[PDB]
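One structure below.
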Amino acid sequence: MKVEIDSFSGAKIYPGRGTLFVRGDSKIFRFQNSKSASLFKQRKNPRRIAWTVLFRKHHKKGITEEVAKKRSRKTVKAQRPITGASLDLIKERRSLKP
Amino acid sequence: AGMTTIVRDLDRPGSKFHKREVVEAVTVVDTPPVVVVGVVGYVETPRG
Amino acid sequence: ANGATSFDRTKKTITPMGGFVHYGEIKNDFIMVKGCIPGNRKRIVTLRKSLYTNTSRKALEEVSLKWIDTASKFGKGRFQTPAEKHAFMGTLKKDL
Amino acid sequence: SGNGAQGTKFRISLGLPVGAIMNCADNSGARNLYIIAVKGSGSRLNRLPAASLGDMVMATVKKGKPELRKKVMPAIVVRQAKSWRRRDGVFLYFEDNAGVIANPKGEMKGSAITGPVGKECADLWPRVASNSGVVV
Amino acid sequence: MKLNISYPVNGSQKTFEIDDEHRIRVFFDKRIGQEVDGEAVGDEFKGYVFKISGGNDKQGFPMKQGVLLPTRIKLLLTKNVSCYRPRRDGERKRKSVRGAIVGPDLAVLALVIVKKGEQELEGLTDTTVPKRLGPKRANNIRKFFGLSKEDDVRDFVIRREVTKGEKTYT
RNA sequence: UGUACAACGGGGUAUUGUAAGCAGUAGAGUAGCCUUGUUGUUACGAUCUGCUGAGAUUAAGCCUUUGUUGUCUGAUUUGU
RNA sequence: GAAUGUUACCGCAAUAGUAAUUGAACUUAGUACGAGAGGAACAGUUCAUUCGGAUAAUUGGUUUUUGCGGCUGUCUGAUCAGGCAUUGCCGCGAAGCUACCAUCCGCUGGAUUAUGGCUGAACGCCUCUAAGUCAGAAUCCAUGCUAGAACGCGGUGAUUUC
RNA sequence: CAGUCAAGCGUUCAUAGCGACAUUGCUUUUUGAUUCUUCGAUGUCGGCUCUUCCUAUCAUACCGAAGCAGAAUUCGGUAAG
RNA sequence: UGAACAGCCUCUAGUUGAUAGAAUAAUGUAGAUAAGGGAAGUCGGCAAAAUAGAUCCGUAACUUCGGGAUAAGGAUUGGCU
RNA sequence: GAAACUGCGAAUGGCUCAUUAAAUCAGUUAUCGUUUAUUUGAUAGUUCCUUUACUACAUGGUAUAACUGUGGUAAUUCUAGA
Ligand SMILES: [Mg+2]
Ligand SMILES: [Mg+2]
Ligand SMILES: [Mg+2]
Ligand SMILES: [Mg+2]
Ligand SMILES: [Mg+2]
Ligand SMILES: [Mg+2]
Ligand SMILES: [Mg+2]
Ligand SMILES: [Mg+2]
Ligand SMILES: [Mg+2]
Ligand SMILES: [Mg+2]
Ligand SMILES: [Mg+2]
Ligand SMILES: [Mg+2]
Ligand SMILES: [Mg+2]
Ligand SMILES: [Mg+2]
Ligand SMILES: [Mg+2]
Ligand SMILES: [Mg+2]
Ligand SMILES: [Mg+2]
Ligand SMILES: [Mg+2]
Ligand SMILES: [Mg+2]
Ligand SMILES: [Mg+2]
Ligand SMILES: [Mg+2]
Ligand SMILES: [Mg+2]
Ligand SMILES: [Mg+2]
Ligand SMILES: [Mg+2]
Ligand SMILES: [Mg+2]
Ligand SMILES: [Mg+2]
Ligand SMILES: [Mg+2]
Ligand SMILES: [Mg+2]
Ligand SMILES: [Mg+2]
Ligand SMILES: [Mg+2]
Ligand SMILES: [Mg+2]
Ligand SMILES: [Mg+2]
Ligand SMILES: [Mg+2]
Ligand SMILES: [Mg+2]
Ligand SMILES: [Mg+2]
Ligand SMILES: [Mg+2]
Ligand SMILES: [Mg+2]
Ligand SMILES: [Mg+2]
Ligand SMILES: [Mg+2]
Ligand SMILES: [Mg+2]
Ligand SMILES: [Mg+2]
Ligand SMILES: [Mg+2]
Ligand SMILES: [Mg+2]
Ligand SMILES: [Mg+2]
Ligand SMILES: [Mg+2]
Ligand SMILES: [Mg+2]
Ligand SMILES: [Mg+2]
Ligand SMILES: [Mg+2]
Ligand SMILES: [Mg+2]
Ligand SMILES: [Mg+2]
Ligand SMILES: [Mg+2]
Ligand SMILES: [Mg+2]
Ligand SMILES: [Mg+2]
Ligand SMILES: [Mg+2]
Ligand SMILES: [Mg+2]
Ligand SMILES: [Mg+2]
Ligand SMILES: [Mg+2]
Ligand SMILES: [Mg+2]
Ligand SMILES: [Mg+2]
Ligand SMILES: [Mg+2]
Ligand SMILES: [Mg+2]
Ligand SMILES: [Mg+2]
Ligand SMILES: [Mg+2]
Ligand SMILES: [Mg+2]
Ligand SMILES: [Mg+2]
Ligand SMILES: [Mg+2]
Ligand SMILES: [Mg+2]
Ligand SMILES: [Mg+2]
Ligand SMILES: [Mg+2]
Ligand SMILES: [Mg+2]
Ligand SMILES: [Mg+2]
Ligand SMILES: [Mg+2]
Ligand SMILES: [Mg+2]
Ligand SMILES: [Mg+2]
Ligand SMILES: [Mg+2]
Ligand SMILES: [Mg+2]
Ligand SMILES: [Mg+2]
Ligand SMILES: [Mg+2]
Ligand SMILES: [Mg+2]
Ligand SMILES: [Mg+2]
Ligand SMILES: [Mg+2]
Ligand SMILES: [Mg+2]
Ligand SMILES: [Mg+2]
Ligand SMILES: [Mg+2]
Ligand SMILES: [Mg+2]
Ligand SMILES: [Mg+2]
Ligand SMILES: [Mg+2]
Ligand SMILES: [Mg+2]
Ligand SMILES: [Mg+2]
Ligand SMILES: [Mg+2]
Ligand SMILES: [Mg+2]
Ligand SMILES: [Mg+2]
């Protein structure tokens, strides 16, 4: 059960819902309802239709907290040395100086 | 009360839609418990 | 989670967004029967046991739902829960 | 349907009644296909037979190679337009009515099908799955 | 689907196999690079945090960070790019590719441990594997040991023993 | 005279597709006064942008309600 | 819808009506039959046709929701907000109604016909028939479904005082 | 439209399927023959639409027969659901 | 407004006269829309739909050389500056 | 001395005669109208910085192949994560 999305308006298309259009070049366009489907058949440009995802994304509308920092990092520092060259004598000679 | 849609895997060995999803329409009947308040006895007669 | 499934999981009843149109909410047990039934919404109905034992195979098939549409029936509903709707839409001029 | 269609077909909306003309989709010289009959259709006083996706009709070539015109020949509907609904619950429709000329057994006449094809047609006649670009 | 887990602190890696759609479903709609808290994937991976790094769908096509789309696409790929090694100077090719959005259409996820949980994972936390080669350029040796441009390398370079049988070489 | 009924009001659900007002260094540009400008200044300019997925409508055969106001004995007839 | 005391609820069932239809594919099986060429069917599965009764989750149609938006002409000084053009025009448009253009459901018992038989005389033999009897059809009678006799019926509730 | 006799047809074989010369019938969607009814008026053809009925059954159910190996077909029965 | 005495809106003047009320069944009369097909409908494209102004480009047979011709076929059109 | 990186080469060769009619081609000009790997010959004291408490020159930075290892596809000179 895949919840598709509207290739014009960008709404979720839950099962058995809306229409599916298979264009000449074999490109599929899934519409959630007749509104997007007619607006599509009208050569309407979703980036000019205020209420669409594609319009909002392009106009940076309401995004707020995605352009807000997060926290996803770590801290490692473990030694393996070199294969064939005693990983033991690679920490004792690794006593360094400055 | 109303109708709605349902998705389920069909189990029909031999059908082109065996083990595939279908969407089917279903009605919903509101069904709160009936309360019993009497019994009625019927006898058979040559007139029914 | 009347309207949830072994595969849906999410807490939600069968009542669609904004409720069964021309009806109400369903706050009690219910029978969910496949297909359509004679008579219309709000009408007293009688569910009756079958009169013969059907070996149909079509009847016999044990069924388990995957998903029960709970989107509003008052329009072209796009959202199952008010949760789901808020997720996709964001905060609004009312709201927080 | 019928001869050499291994498989059944689940019923789908009838979009092409008799006298409809659909793009010839193969590469045999025919340019369009004029439906004069549907194979395995039934009788009802004043009902026009109609074809759906994957049906087998009887056509004549209205525009095409002269050695292909003025005669009857089978054909297979490969693309609809009249939106039908599948058992997974989708209502889908092609951009054009289209079909490919075939023989009673169901083998094609040309060596390719140009444009996409519906699965319910390709699932039904193998030699269409042979020559199919993108399906559905 | 098959998870392909890498412990890059140990250089360890091993594939696990997960059935049960609910356990998997945790990865769905998650992008490449999104971290995933483990306990949802199992109790063995309690606390473990997995960064999603890539993987292949059925039919074997690779993912490609940055595409979005839980579908496949067909892109124009270039030198210095993922899922393509050119064969010829300034050659581009149009190749299919799977989208960085996880879906049940995937044969294999590819995960990279970031934080370790409360329990050990066998062929991963328990084993450790050595970094094949060691520094070769001068200053990299002085920075794999910290020495100052005084200590002279020559005797700080690595030395790998390998034997002729009765002639062990260095 | 009460999990009463009604009229409004609130919340939900829908439809459309961003209200009026105000602001702007957006705007092909254009005028007018000199103190003729090292943004001179004051306005004006289809449209654009921001407050604004805003505003507006939403039961008339949608859903819901601790709020507000109100209503709750007129008429006729019937017996083995 | 008057009248069989009033009124109410729950029921019976006389009589009447009645309904489903046809095809293909898989498989049986390249099987039985055949020198070959050719070439079945019963059981099982999946669908279909013609018909019928509903139904509106979905998809489609419809639009005076004159709901939102848009456009022309003009009239209210401008603005806002509007009027008028027999519903001014256009896009979208919920609700309702609605489409093999959409979805869902369409029961199983008995008795027979033809026909093939059993036992068996007439007629020491023989005969499915004379007595008796078995198996049998898209038939018929039921089951089921729709009315419910407004002069067919039962069960039950309450039954008025100035 | 259907019988009866059976000389013939059917390699052989009257009657599987047919059938001459004759002869007996049925039917009343043929056409005639008649002129009874209507000329102070019974709206003339076909089609559309829709119901119902007949069976001398084209299909579908179950059967009998074949000059029925199978497949196909022909003759027949109960049958107008 | 526009080519206009056209249509549509308005000033002056003049009307607001045409039984009324409540509903919005069937069937109508008058006004409209319909997915996919596109005359298969029908005696017959009956009815209906389609086209349409203007500026530009482009225009066949045949001809009594006057035409045929808006032949056919295209593109363009607001507002503001 | 495999693999791989890096460099160069693959724009030569070979084949065909379809297009092409002032085009190609030819003989003759022009670059005072331009590009040119290579070959051959030449050609480079200057690079920092308010200009004493100096700037790695005794030589400054990582990020990758091959490789190890974990993988995906029926399938290719497909390639992913580590
Ligand atoms: Mg609609
Ligand atoms: Mg099937
Ligand atoms: Mg209510
Ligand atoms: Mg609805
Ligand atoms: Mg509704
Ligand atoms: Mg007809
Ligand atoms: Mg369609
Ligand atoms: Mg081929
Ligand atoms: Mg293909
Ligand atoms: Mg009141
Ligand atoms: Mg505004
Ligand atoms: Mg303000
Ligand atoms: Mg806005
Ligand atoms: Mg009403
Ligand atoms: Mg309040
Ligand atoms: Mg008295
Ligand atoms: Mg076989
Ligand atoms: Mg064979
Ligand atoms: Mg033989
Ligand atoms: Mg129903
Ligand atoms: Mg409309
Ligand atoms: Mg308006
Ligand atoms: Mg203003
Ligand atoms: Mg007026
Ligand atoms: Mg007028
Ligand atoms: Mg009008
Ligand atoms: Mg407009
Ligand atoms: Mg609707
Ligand atoms: Mg209606
Ligand atoms: Mg159907
Ligand atoms: Mg039907
Ligand atoms: Mg059925
Ligand atoms: Mg029944
Ligand atoms: Mg029964
Ligand atoms: Mg009986
Ligand atoms: Mg017996
Ligand atoms: Mg016997
Ligand atoms: Mg005798
Ligand atoms: Mg008998
Ligand atoms: Mg007897
Ligand atoms: Mg006898
Ligand atoms: Mg029957
Ligand atoms: Mg009944
Ligand atoms: Mg009676
Ligand atoms: Mg009466
Ligand atoms: Mg009665
Ligand atoms: Mg009685
Ligand atoms: Mg009674
Ligand atoms: Mg009584
Ligand atoms: Mg004789
Ligand atoms: Mg004989
Ligand atoms: Mg003879
Ligand atoms: Mg005889
Ligand atoms: Mg005789
Ligand atoms: Mg007679
Ligand atoms: Mg007679
Ligand atoms: Mg006759
Ligand atoms: Mg006469
Ligand atoms: Mg008379
Ligand atoms: Mg008369
Ligand atoms: Mg008469
Ligand atoms: Mg007359
Ligand atoms: Mg013989
Ligand atoms: Mg034979
Ligand atoms: Mg045969
Ligand atoms: Mg018989
Ligand atoms: Mg007989
Ligand atoms: Mg009958
Ligand atoms: Mg009868
Ligand atoms: Mg005028
Ligand atoms: Mg009058
Ligand atoms: Mg009136
Ligand atoms: Mg009407
Ligand atoms: Mg139409
Ligand atoms: Mg259309
Ligand atoms: Mg057309
Ligand atoms: Mg005709
Ligand atoms: Mg035509
Ligand atoms: Mg006709
Ligand atoms: Mg005529
Ligand atoms: Mg005619
Ligand atoms: Mg005429
Ligand atoms: Mg015409
Ligand atoms: Mg006419
Ligand atoms: Mg006309
Ligand atoms: Mg139109
Ligand atoms: Mg002409
Ligand atoms: Mg034109
Ligand atoms: Mg312009
Ligand atoms: Mg190289
Ligand atoms: Mg060469
Ligand atoms: Mg780097």
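When we count neighbours, we look across all protein chains shown, and the Cβ atoms used for this are built from the backbone with ideal geometry, even at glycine. Any read-out appearing in this document is the output of simple, stated calculations on the displayed coordinates, not a laboratory observation.
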Within segment D:61-91, of all residues that are of a type outside the set (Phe, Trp, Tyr), buried (at least 19 other Cβ atoms within 10 Å of the Cβ) and more than 10 Å from the chain's Cα centre (by Cα), the one farthest from D:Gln6 (Cα to Cα) is D:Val61
Checked against (1) under 21 Å from C:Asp8 (Cα atoms); (2) small (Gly, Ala, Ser); (3) near RNA strand G (Cβ under 7 Å from one of its atoms), C:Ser64 satisfies every condition except (3)
The strands (runs of 3 or more DSSP E) lying wholly within segment E:16-89 that contain at least 2 residues that are exposed (fewer than 15 other Cβ atoms within 10 Å of the Cβ) are E:72-77
For segment E:108-127 the number of residues that are in contact with a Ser or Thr (Cβ under 7 Å, 6 or more places away or on another chain) and more than 19 Å from E:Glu35 (Cβ to Cβ) is 2
Restricting attention to segment C:2-44, the residues that are within 12 Å of chain B (Cβ to nearest Cβ), more than 16 Å from RNA strand F (Cβ to nearest atom) and either among the aliphatic types (A, V, I, L, M) or over 18 Å from the mean Cα position of the chain (by Cα) (or both) number exactly 4
Selection from segment A:28-50 of residues exposed (fewer than 12 other Cβ atoms within 10 Å of the Cβ) and not in a helix (DSSP H, G or I) yields A:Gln42, A:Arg43, A:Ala50
Exactly one of E:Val162, E:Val129, E:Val157 is loosely packed, with under 12 Cβ neighbours inside 10 Å and among the aliphatic types (A, V, I, L, M), and that residue is E:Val162
Of the residues in segment D:29-47 that are in contact with a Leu (Cβ under 7 Å, 6 or more places away or on another chain) and more than 16 Å from D:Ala81 (Cβ to Cβ), the one that is farthest from RNA strand G (Cβ to nearest atom) is D:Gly29
Scanning segment D:2-20 residue by residue, those within 14 Å of chain B (Cβ to nearest Cβ) and under 14 Å from the mean Cα position of the chain (by Cα) turn out to be D:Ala5, D:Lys9, D:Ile12
The one condition D:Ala50 fails out of (1) small (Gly, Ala, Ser); (2) in contact with a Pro (Cβ under 7 Å, 6 or more places away or on another chain); (3) surrounded by fewer than 17 Cβ atoms within 10 Å (Cβ to Cβ) is (3)
State yes or no: is C:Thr15 part of a loop (DSSP other than H, G, I, E, B), more than 13 Å from B:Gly2 (Cα to Cα) and away from ligand 8 (no atom under 16 Å from the Cβ)?
no
Of (1) within 14 Å of chain D (Cβ to nearest Cβ); (2) in a helix (DSSP H, G or I), A:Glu65 fails just (1)
*asked:* Is it the case, given these coordinates, that E:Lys116 is within 22 Å of the chain's Cα centre (by Cα) and within 11 Å of another protein chain (Cβ to nearest Cβ)?
replied: yes
Picked from segment B:10-35 (must be charged (D, E, K, R) and touching a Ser or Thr at 6+ places or on another chain (Cβ under 8 Å)), the residue nearest to A:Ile13 (Cα to Cα) is B:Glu24
Taking segment C:27-60 and keeping only residues that are touching a residue at least 12 places away in the same chain (Cβ under 8 Å) and within 16 Å of ligand 5 (Cβ to nearest atom), one is left with C:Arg41, C:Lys42
In this structure, does C:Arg78 turn out to be part of a loop (DSSP other than H, G, I, E, B), free of Cβ contacts under 8 Å to residues at least 40 places away in the same chain, at the interface with chain B (Cβ under 9 Å from one of its Cβ atoms) and under 29 Å from A:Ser34 (Cα atoms)? no
The lone condition E:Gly103 fails out of (1) within 14 Å of chain A (Cβ to nearest Cβ); (2) not in a loop (DSSP other than H, G, I, E, B) is (2)
Going through segment C:45-59 in order, the residues found to be within 10 Å of chain B (Cβ to nearest Cβ) and over 22 Å from the mean Cα position of the chain (by Cα) are C:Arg57, C:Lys58
Restricting segment E:42-100 to residues that are within 14 Å of chain A (Cβ to nearest Cβ) and of a type in the set (A, V, I, L, M), the one nearest to ligand 8 (Cβ to nearest atom) turns out to be E:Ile73
Counting only residues in segment C:22-41 that are part of a loop (DSSP other than H, G, I, E, B) and either of a type in the set (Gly, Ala, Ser) or exposed (fewer than 12 other Cβ atoms within 10 Å of the Cβ) (or both), the one nearest to ligand 7 (Cβ to nearest atom) is identified as C:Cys36
All conditions in (1) in contact with a strand residue (DSSP E or B) (Cβ under 8 Å, 6 or more places away or on another chain); (2) under 10 Å from E:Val102 (Cβ atoms) are true of E:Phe28 except (1)
